[PDB]
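Scroll down for the structure; my scribbles are underneath it.
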Amino acid sequence: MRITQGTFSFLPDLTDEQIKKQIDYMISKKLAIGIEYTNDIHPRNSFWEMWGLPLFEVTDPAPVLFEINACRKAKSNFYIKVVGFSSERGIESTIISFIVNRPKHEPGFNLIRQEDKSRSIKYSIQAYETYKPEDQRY
Amino acid sequence: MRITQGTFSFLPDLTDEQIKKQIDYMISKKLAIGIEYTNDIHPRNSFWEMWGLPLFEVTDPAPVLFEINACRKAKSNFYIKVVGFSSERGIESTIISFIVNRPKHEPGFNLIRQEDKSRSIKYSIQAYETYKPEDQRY
Amino acid sequence: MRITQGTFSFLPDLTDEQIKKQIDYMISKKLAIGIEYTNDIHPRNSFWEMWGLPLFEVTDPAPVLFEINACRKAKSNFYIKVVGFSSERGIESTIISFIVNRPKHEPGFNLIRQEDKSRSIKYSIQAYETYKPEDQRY
Amino acid sequence: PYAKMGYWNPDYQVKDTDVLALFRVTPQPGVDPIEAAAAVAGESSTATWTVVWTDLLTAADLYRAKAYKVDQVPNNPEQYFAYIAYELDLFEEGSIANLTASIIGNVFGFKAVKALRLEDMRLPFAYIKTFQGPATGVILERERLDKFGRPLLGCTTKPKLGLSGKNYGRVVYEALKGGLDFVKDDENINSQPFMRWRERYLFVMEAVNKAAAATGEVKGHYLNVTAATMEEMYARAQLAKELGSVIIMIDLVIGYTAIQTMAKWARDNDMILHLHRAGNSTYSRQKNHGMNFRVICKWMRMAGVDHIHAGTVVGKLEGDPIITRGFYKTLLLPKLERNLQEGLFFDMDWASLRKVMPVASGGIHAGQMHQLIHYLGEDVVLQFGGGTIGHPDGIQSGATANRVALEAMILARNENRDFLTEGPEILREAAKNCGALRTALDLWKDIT
Amino acid sequence: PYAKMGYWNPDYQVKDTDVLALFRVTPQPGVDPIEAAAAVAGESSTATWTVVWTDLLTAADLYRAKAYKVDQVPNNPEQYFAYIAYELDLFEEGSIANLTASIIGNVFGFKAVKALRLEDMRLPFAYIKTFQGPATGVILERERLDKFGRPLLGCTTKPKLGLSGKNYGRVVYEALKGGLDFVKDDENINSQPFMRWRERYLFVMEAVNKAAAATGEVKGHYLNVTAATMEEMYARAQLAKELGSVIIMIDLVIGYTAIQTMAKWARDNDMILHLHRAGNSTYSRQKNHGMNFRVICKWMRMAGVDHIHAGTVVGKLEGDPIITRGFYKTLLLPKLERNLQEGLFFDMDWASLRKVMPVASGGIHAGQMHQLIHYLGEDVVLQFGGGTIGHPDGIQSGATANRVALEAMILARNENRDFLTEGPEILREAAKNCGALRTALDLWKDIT
Amino acid sequence: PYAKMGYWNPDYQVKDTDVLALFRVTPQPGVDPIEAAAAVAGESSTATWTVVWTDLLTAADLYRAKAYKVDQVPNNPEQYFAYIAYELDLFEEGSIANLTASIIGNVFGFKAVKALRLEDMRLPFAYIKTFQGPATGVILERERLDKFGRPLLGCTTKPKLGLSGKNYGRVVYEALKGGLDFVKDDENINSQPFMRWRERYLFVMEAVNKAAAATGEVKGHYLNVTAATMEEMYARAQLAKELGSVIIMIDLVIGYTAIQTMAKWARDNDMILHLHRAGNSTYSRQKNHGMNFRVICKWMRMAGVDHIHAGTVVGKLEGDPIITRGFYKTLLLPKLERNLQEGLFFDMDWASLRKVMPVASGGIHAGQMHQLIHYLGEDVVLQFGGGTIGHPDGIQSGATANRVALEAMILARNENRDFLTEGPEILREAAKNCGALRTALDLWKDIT
Ligand SMILES: [Cl-]
Ligand SMILES: [Mg+2]
Ligand SMILES: [Mg+2]
Ligand SMILES: [Mg+2]
């Protein structure tokens with residue numbers, strides 16, 4: 001299935017020209033721009049791996065785009081996303097986050113139902129590729 | 001002090017003509033009419049002594065007035081009141097209650113302050129004449 | 001015993017000249033000046049009877065002194081005090097209160113010990129003259 | 001098309017279990033009254049506008065409100081009375097929040113309807129029977145106070161705000177001792193920088209007990225337990241209980257759920273529960289939107305408060321006497337009879353719920369007592385303001401004048417004296433024996 | 001004479017700690033605007049009319065509200081704007097009930113004033129700082145959901161009432177899986193004969209977890225915990241918590257105290273708290289009485305709910321876009337700037353209280369997405385009704401069309417495309433890749 | 001470079017919401033006063049020394065303290081006054097631990113700074129408004145005791161330690177009956193092998209009630225609830241409450257969190273809360289490090305104790321009268337005005353927090369009463385030691401002499417008598433009627 005984490009995951013995968021225009025947006029919003037990747041796609045996996053530090057005070061999309069592609073070359077079967085952090089007082093948080101690489105195939109999640117008191121159930125989801133070590137996923 | 005239990009205790013003591021017109025009211029309201037007396041004038045003394053049974057279905061004030069005066073003769077140094085009970089569904093209770101005899105002099109109440117937790121106080125009032133036996137009051 | 005409620009009750013009873021100088025103080029402090037009396041001298045009897053309303057905006061001690069003496073004539077066997085109320089923001093309360101009449105003789109208080117859980121005791125004090133009606137006290 | 005969806009049904013037969021509402025509707029200009037009716041029904045029952053198959057998994061008709069009757073407002077060409085029926089099974093038993101959410105929430109239709117005001121409700125017997133009704137009620141309240149056959153008398157402390165605990169207690173003691181049955185906290189006095197609530201409660205209870213001992217009556221002061229959270233209201237209610245208060249109050253702004261929570265507490269703890277509702281607020285003189293006060297009376301009697309301010313007729317409150325009389329009936333009667341001039345549009349059986357005590361508050365004074373008795377009856381608390389505190393002879397005096405006028409008026413009424421007509425002379429006979437009343441009567445003849 | 005008592009003070013200097021209110025006042029015919037101002041102040045501050053000595057035991061001036069400015073309403077000869085100032089010490093810290101009791105309660109004056117509507121309030125910094133503010137707030141809510149830079153998408157279950165627990169859960173699962181971020185209980189669905197609340201909560205949590213596992217997103221359903229008493233609301237809130245719900249809802253009809261009680265609970269228990277307030281109720285289109293919605297926004301942001309329905313501009317809700325924009329600012333901004341066309345009469349610092357999320361609900365549909373984004377911004381939940389459930393291809397399909405239109409519109413906005421003007425073509429490019437969106441766009445072109 | 005990082009800002013404009021501190025700084029030899037200022041700011045705001053990118057994810061400037069003004073200490077070439085400003089959002093509302101952690105914790109800079117003493121703080125209105133303030137306060141305390149217009153009188157039991165419960169109660173009864181308003185436990189007496197705490201509390205309450213019955217006054221004994229754990233302090237506080245004590249005490253060594261915990265308990269339970277702080281401890285006569293006592297007064301008034309020992313001017317405590325006067329103002333006034341000789345460096349509004357009662361304790365005796373009244377005012381507890389217990393005529397006698405001197409002095413003050421100058425003759429007129437006072441006055445003329 002398609003994982004729909006990300007601001008634009010109901011759209012087709014973005015071209016590089018689209019990705020470029022999203023960097024321009026971020027630049028005009030004065031955001032720090034980070035690139036993160038993971039192959040544990042749990043929705044509560046809050047800390048993806050960082051591909052370098054976030055870039056600050058950037059003024060041209062080129063170098064961001066260049067790292068995105070180098071991450072894609074190094075981690076081609078990982079999810080990779082781009083995140084734009086705001087430092088505006090009272091936000092101080094991500095304000096956009098979108099996918100720029102997905103694995104070829106997504107097998108999705110197992111749903112675990114542990115039966116508890118009365119009719120209640122304690123739930124877990126476990127991404128199928130996480131049943132394997134990281135270097136064997138996707 | 002003047003005890004102001006009673007529907008008309010801020011007025012002067014009622015004459016017999018006034019008392020008569022209050023019976024007429026009660027009669028027209030179809031009330032049972034009772035006469036009660038006490039010399040423990042505590043406001044929470046809910047059960048005064050009954051002077052006879054209440055009178056039911058009465059049509060002339062005369063016999064009520066006659067018992068009021070006989071109670072006054074027998075219990076001249078007691079409080080005496082007249083009570084009109086309604087049996088109308090959803091009332092079923094007193095709807096008027098007024099004083100027709102008071103003792104010559106009312107010495108009033110003692111106030112007792114038992115000190116309790118922190119600043120709180122548990123209060124009692126005790127009518128001074130109740131510090132004596134009933135046949136020595138007023 | 002001498003009741004030592006009051007700002008100056010460890011001093012001898014004030015003369016009228018002393019009382020006069022205390023009014024002058026109150027006037028210079030811009031206080032409302034009230035006269036209150038009681039013959040239930042319990043320390044937790046917060047509401048003495050008012051002798052008239054408090055006097056506001058007064059500029060000469062004479063009329064205060066005159067009412068003090070008229071209260072003394074009417075209530076000679078009562079405690080009488082003078083109270084000075086402040087309306088200054090964040091005070092808004094009595095700031096002086098002193099005795100200007102005491103009964104001839106003070107018999108004092110009974111101490112009641114009601115035994116409660118374990119060794120604890122619930123205490124009450126009851127002024128002896130309050131065992132009687134008000135018009136028989138002192 | 002709302003008349004097309006079934007929401008309009010001129011033929012619907014009203015069942016004894018239906019909840020019925022009567023809205024005053026103002027159709028948006030050039031829209032059929034019948035379409036407007038339907039719109040109000042069609043939205044306080046469902047929020048759908050397409051091909052929704054999932055309705056077919058339910059007994060769908062059951063959940064649709066039925067606009068079943070539309071009359072034109074008399075004296076108003078472009079206002080209509082719409083009667084809407086709702087199945088009993090739509091409502092949570094015992095729940096005011098659910099009732100109000102369901103009725104005055106989803107009554108949309110911004111294209112057929114310009115204005116909407118809910119005028120009355122027929123709460124069915126079996127629904128009413130799921131509510132507690134007054135915690136205490138008029139009959140029990142009077143047996144607790146041992147006070148029969150006359151209105152009760154109260155006033156709010158003056159000034160509402162500022163007195164320290166001890167000076168606040170002074171006013172309460174003076175007024176109770178001088179004749180009032182009740183004194184009360186202002187709706188605004190809760191707990192604030194100039195006075196916190198615990199010292200108020202402690203000094204008040206000393207005043208109240210001193211007054212009972214001075215008079216040989218049960219006396220009460222309404223301690224305001226209003227607060228921001230339910231826990232805080234409870235801690236306040238619990239001190240009132242602990243110290244032996246006969247009565248507390250809450251403000252209607254705390255809201256329906258805190259009200260029902262308190263009403264159950266008052267029932268469980270033998271406390272009279274007075275409900276303050278501002279007689280003239282921003283939400284008042286609307287002929288056009290919102291909800292008529294009588295629906296509030298219904299909902300609050302059901303929730304189970306013991307007192308609510310219901311209006312006076314005379315004084316600074318200028319209301320239609322006959323509409324006000326309709327508020328009192330709603331609060332007090334075991335059955336209500338349709339009566340258009342009183343604004344009661346439905347017969348209604350109260351299912352033996354206890355009675356709420358009306359409170360009359362406003363510019364009212366002792367010289368109006370014949371009008372107050374004649375318009376408001378014996379079951380009412382009459383609340384006088386500067387009419388007691390500002391008697392030139394003192395608070396006790398002011399309370400005495402009001403109490404004597406009250407009692408002399410009920411005496412006259414019970415004597416079958418034509419007290420409405422002979423009112424002023426009745427008061428003037430009473431004042432003959434009562435300097436404080438004589439002083440009050442003069443005080444209030446520059447008015448007229 | 002109210003201008004005579006001090007209640008009118010053209011010279012009063014406003015302090016940074018004052019609470020300020022702005023009423024729209026309609027003087028009773030032939031009464032001075034200045035006397036009317038004074039009357040409103042003189043009664044929401046004191047209820048006295050005689051020689052009251054007891055005021056002299058207090059710092060009396062402190063407790064008097066000051067009418068300090070009167071402008072005439074533009075385009076309305078006989079309506080005035082009155083600005084009233086209240087000392088901070090009159091108010092209980094942290095208490096909405098006390099604030100509302102004090103302001104919109106005792107604003108009487110039935111002889112100088114015909115109509116009164118409270119339009120706005122300046123809550124001072126130090127007062128605001130005594131309230132919790134949103135339990136979660138926009139920033140934390142988005143970090144909990146991992147959803148950034150786009151509005152959120154919800155809808156209410158269709159039909160609102162009737163589905164058994166299992167069929168109700170079916171709709172919730174379909175809609176979440178098909179793309180919605182949230183599904184929600186209707187304000188009317190609490191616990192009733194046709195469905196009790198515990199089975200709804202249990203079947204819903206199965207649907208929600210199934211949807212998270214189907215999509216790899218955090219998903220949520222607003223469980224309505226509304227109930228008649230505080231204990232009952234808590235038992236409901238506690239099951240939501242126990243079963244792991246990300247979000248619950250309450251209806252505004254529960255009232256201010258139950259709201260603050262819940263807001264503290266939501267803060268203490270990591271729960272998003274959505275507040276339902278009916279967008280078009282009987283209390284709506286009043287230019288004349290009651291209170292403007294923006295004052296509700298202020299009070300609810302202070303009380304600490306996380307979502308409130310704030311209006312849309314287009315669709316079946318027809319409001320002034322600029323007044324609506326003013327509601328959003330109140331909910332969202334760290335500081336508000338006076339702006340008469342938005343109906344903000346005061347500058348106001350929000351004292352770092354968290355932000356509430358506006359909800360837009362109404363006849364809104366996917367073909368309006370350019371207008372919705374342009375008028376309402378990215379911080380909003382867009383709620384579609386029969387616009388999802390009644391997609392001729394199924395609920396999942398309907399949810400997908402709405403989600404794709406949303407995302408394609410934000411994409412265009414971020415590209416600096418003139419999306420207000422090119423809106424329809426943007427949607428039609430998106431629908432090229434999306435049958436469900438193509439189907440929806442056709443579906444909604446008989447409208448226009 | 002600290003002036004380079006932004007921590008130094010000669011131009012910073014102080015906001016009404018800033019927390020401001022005034023340190024007395026001693027630059028390490030040959031370091032610029034301006035660099036020293038900056039160092040203190042730069043470390044009580046951040047602990048960083050490298051290229052830290054993560055600052056850029058925050059509104060970093062907001063979290064930086066700003067050294068904004070440096071004056072040279074008058075009469076001290078190499079000491080400077082540094083004023084530091086901190087944004088309100090850095091602080092937890094209502095929390096002394098957080099305030100102190102933030103201000104006097106991370107003020108490092110061991111290379112630019114040799115010595116540092118915190119001299120004063122400007123707590124902003126909106127911050128202060130987040131604290132409870134005194135549980136009872138001077139005004140409520142006096143209304144509870146019915147004691148107006150004179151200092152209160154106490155002493156500590158003599159000997160502090162050793163008496164069994166019954167002999168301890170003997171001293172307490174003697175002293176209260178003879179005239180003291182209060183007697184008190186020593187800070188050291190908690191619960192020990194020679195006497196456990198429960199029997200002390202029980203025998204004390206018998207003494208206190210016996211004294212009230214002997215005098216017709218409210219009497220009190222400060223039961224020390226100090227203990228090692230919060231549960232233990234509560235069990236002690238709860239017995240005091242249960243047995244009806246008007247007052248308890250705690251030692252400042254229990255620490256800020258237990259203090260705030262107790263202050264809330266005292267507010268919730270109507271208990272006066274006296275705070276013991278040793279007048280001359282190892283941490284006293286520092287012109288050079290630590291923190292000036294007036295900052296403690298601020299923090300304790302905020303936390304909400306009712307009494308704190310504030311110093312006397314005369315007797316065995318030898319302090320600058322004008323600095324002491326500054327401590328009393330901090331405790332007592334609604335607003336503080338900058339005044340360099342009093343050591344108040346900031347204007348400050350107390351936001352209507354209640355007042356704390358100063359306690360004066362030391363070698364003070366009855367022959368100094370004119371100086372005590374003149375320097376310390378009427379709102380103070382005067383605490384005499386061996387000055388009561390060791391009156392050659394008995395404890396009652398000693399208490400009487402002190403009480404008569406007190407009352408005769410206030411009488412003279414109120415008469416506008418030049419009591420500072422005529423003090424000895426005023427006492428000697430009073431002693432004419434008072435053998436115990438005559439005995440005391442002689443007793444204390446070998447001193448001088
Ligand atoms: Cl007991
Ligand atoms: Mg009322
Ligand atoms: Mg909604
Ligand atoms: Mg000490």
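A note on labels: chains of the structure tokens are A, B, ... as shown, every chain counts residues from 1, and ligands are counted from 1 in their shown order.
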*Output the neighbourhood of ligand 3 as number ranges by chain, that is, all protein and nucleic acid residues with some atom at most 9 Å from the ligand, counting only C-alpha atoms and all ligand atoms.*
E: 155-156, 184, 186-187, 274-279, 307-310, 359-362, 383
*List every residue of stretch 29-277 of chain E that DSSP, applied to the backbone of this structure, places in helix (DSSP H, G or I), and write the result as an MDAnalysis selection string.*
chainID E and resid 33:43 53:57 60:63 88:90 96:103 125:128 138:145 165:178 197:215 230:243 252:254 256:268
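Set the cut-off at 6 Å, count only C-alpha atoms, and the residues of chain A near chain E turn out to be residues 3, 5, 8, 10, 21, 25, 43, 95, 96 and 109 of chain A.
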For stretch 19-34 of chain F, list every protein, DNA or RNA residue within 7 Å, evaluated using only C-alpha atoms, and leave out those in the same chain fewer than 3 positions away; present the list as a PDB file with C-alpha atoms, in the first residue's frame.
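Output contents, as saved in around31.pdb:
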ATOM      1  CA  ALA F  37      27.661  41.823  33.410  1.00  0.00           C
ATOM      2  CA  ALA F  38      27.380  39.900  30.131  1.00  0.00           C
ATOM      3  CA  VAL F  70      25.859  48.598  34.588  1.00  0.00           C
ATOM      4  CA  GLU F  78      35.594  47.461  41.898  1.00  0.00           C
ATOM      5  CA  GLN F  79      32.004  46.386  42.541  1.00  0.00           C
ATOM      6  CA  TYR F  80      29.277  47.023  39.988  1.00  0.00           C
ATOM      7  CA  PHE F  81      25.530  46.869  39.919  1.00  0.00           C
ATOM      8  CA  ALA F  82      24.363  44.780  36.910  1.00  0.00           C
ATOM      9  CA  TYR F  83      20.717  44.791  35.825  1.00  0.00           C
ATOM     10  CA  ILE F  84      19.630  41.698  33.932  1.00  0.00           C
ATOM     11  CA  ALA F  85      16.404  41.148  32.116  1.00  0.00           C
ATOM     12  CA  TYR F  86      14.722  37.714  31.517  1.00  0.00           C
ATOM     13  CA  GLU F  87      11.712  37.019  29.299  1.00  0.00           C
ATOM     14  CA  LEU F  88       8.564  35.974  31.263  1.00  0.00           C
ATOM     15  CA  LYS F 111      36.880  33.846  34.515  1.00  0.00           C
ATOM     16  CA  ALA F 112      35.232  37.323  34.393  1.00  0.00           C
ATOM     17  CA  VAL F 113      33.609  37.283  37.835  1.00  0.00           C
ATOM     18  CA  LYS F 114      35.150  37.015  41.279  1.00  0.00           C
ATOM     19  CA  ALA F 115      32.082  37.670  43.477  1.00  0.00           C
ATOM     20  CA  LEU F 116      28.280  37.875  42.872  1.00  0.00           C
ATOM     21  CA  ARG F 117      25.392  38.763  45.201  1.00  0.00           C
ATOM     22  CA  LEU F 118      21.802  39.059  44.063  1.00  0.00           C
ATOM     23  CA  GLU F 119      20.480  42.309  45.539  1.00  0.00           C
ATOM     24  CA  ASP F 120      16.895  42.752  44.330  1.00  0.00           C
ATOM     25  CA  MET F 121      14.332  41.498  41.782  1.00  0.00           C
ATOM     26  CA  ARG F 122      11.573  43.143  39.693  1.00  0.00           C
ATOM     27  CA  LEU F 123       8.933  40.488  39.448  1.00  0.00           C
ATOM     28  CA  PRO F 124       6.532  41.550  36.776  1.00  0.00           C
TER      29      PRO F 124
END
Report as a PDB file with N, CA and C atoms, in the first residue's frame the set of chain B residues whose atoms approach chain C to within 7 Å, with distances computed over only C-alpha atoms.
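Result saved to part.pdb:
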ATOM      1  N   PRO B 107     -37.623  35.519  76.856  1.00  0.00           N
ATOM      2  CA  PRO B 107     -36.193  35.825  77.165  1.00  0.00           C
ATOM      3  C   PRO B 107     -35.264  35.443  76.033  1.00  0.00           C
ATOM      4  N   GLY B 108     -35.672  34.515  75.160  1.00  0.00           N
ATOM      5  CA  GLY B 108     -34.989  34.290  73.893  1.00  0.00           C
ATOM      6  C   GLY B 108     -34.062  33.086  73.970  1.00  0.00           C
ATOM      7  N   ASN B 110     -29.965  31.232  74.130  1.00  0.00           N
ATOM      8  CA  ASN B 110     -28.512  31.164  74.290  1.00  0.00           C
ATOM      9  C   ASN B 110     -27.895  30.588  73.022  1.00  0.00           C
ATOM     10  N   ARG B 113     -21.123  27.998  71.135  1.00  0.00           N
ATOM     11  CA  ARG B 113     -20.126  27.896  70.093  1.00  0.00           C
ATOM     12  C   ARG B 113     -19.117  26.823  70.503  1.00  0.00           C
ATOM     13  N   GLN B 114     -19.189  25.658  69.871  1.00  0.00           N
ATOM     14  CA  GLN B 114     -18.214  24.648  70.167  1.00  0.00           C
ATOM     15  C   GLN B 114     -17.168  24.745  69.051  1.00  0.00           C
ATOM     16  N   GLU B 115     -15.908  24.874  69.431  1.00  0.00           N
ATOM     17  CA  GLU B 115     -14.854  25.151  68.473  1.00  0.00           C
ATOM     18  C   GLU B 115     -14.433  23.847  67.905  1.00  0.00           C
ATOM     19  N   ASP B 116     -14.347  23.792  66.587  1.00  0.00           N
ATOM     20  CA  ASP B 116     -14.032  22.573  65.920  1.00  0.00           C
ATOM     21  C   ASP B 116     -12.745  22.672  65.059  1.00  0.00           C
ATOM     22  N   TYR B 128     -33.819  29.871  76.476  1.00  0.00           N
ATOM     23  CA  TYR B 128     -33.541  29.992  77.906  1.00  0.00           C
ATOM     24  C   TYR B 128     -34.588  29.332  78.778  1.00  0.00           C
TER      25      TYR B 128
END
Go through chain D and flag each residue having an atom no more than 9 Å from chain F; for those, report the closest pair of atoms plus their distance in Å to one decimal, using only C-alpha atoms, ordered by chain and rising number, as a tab-separated table.
residue	atom	partner	partner_atom	distance
D:164	CA	F:140	CA	8.2
D:165	CA	F:140	CA	8.0
D:166	CA	F:143	CA	6.8
D:193	CA	F:352	CA	6.4
D:194	CA	F:352	CA	8.0
D:198	CA	F:270	CA	7.6
D:199	CA	F:270	CA	8.0
*Quote the spacing between atom CA of residue E:339 and atom CA of residue E:370 in Å to one decimal place.*
25.4 Å
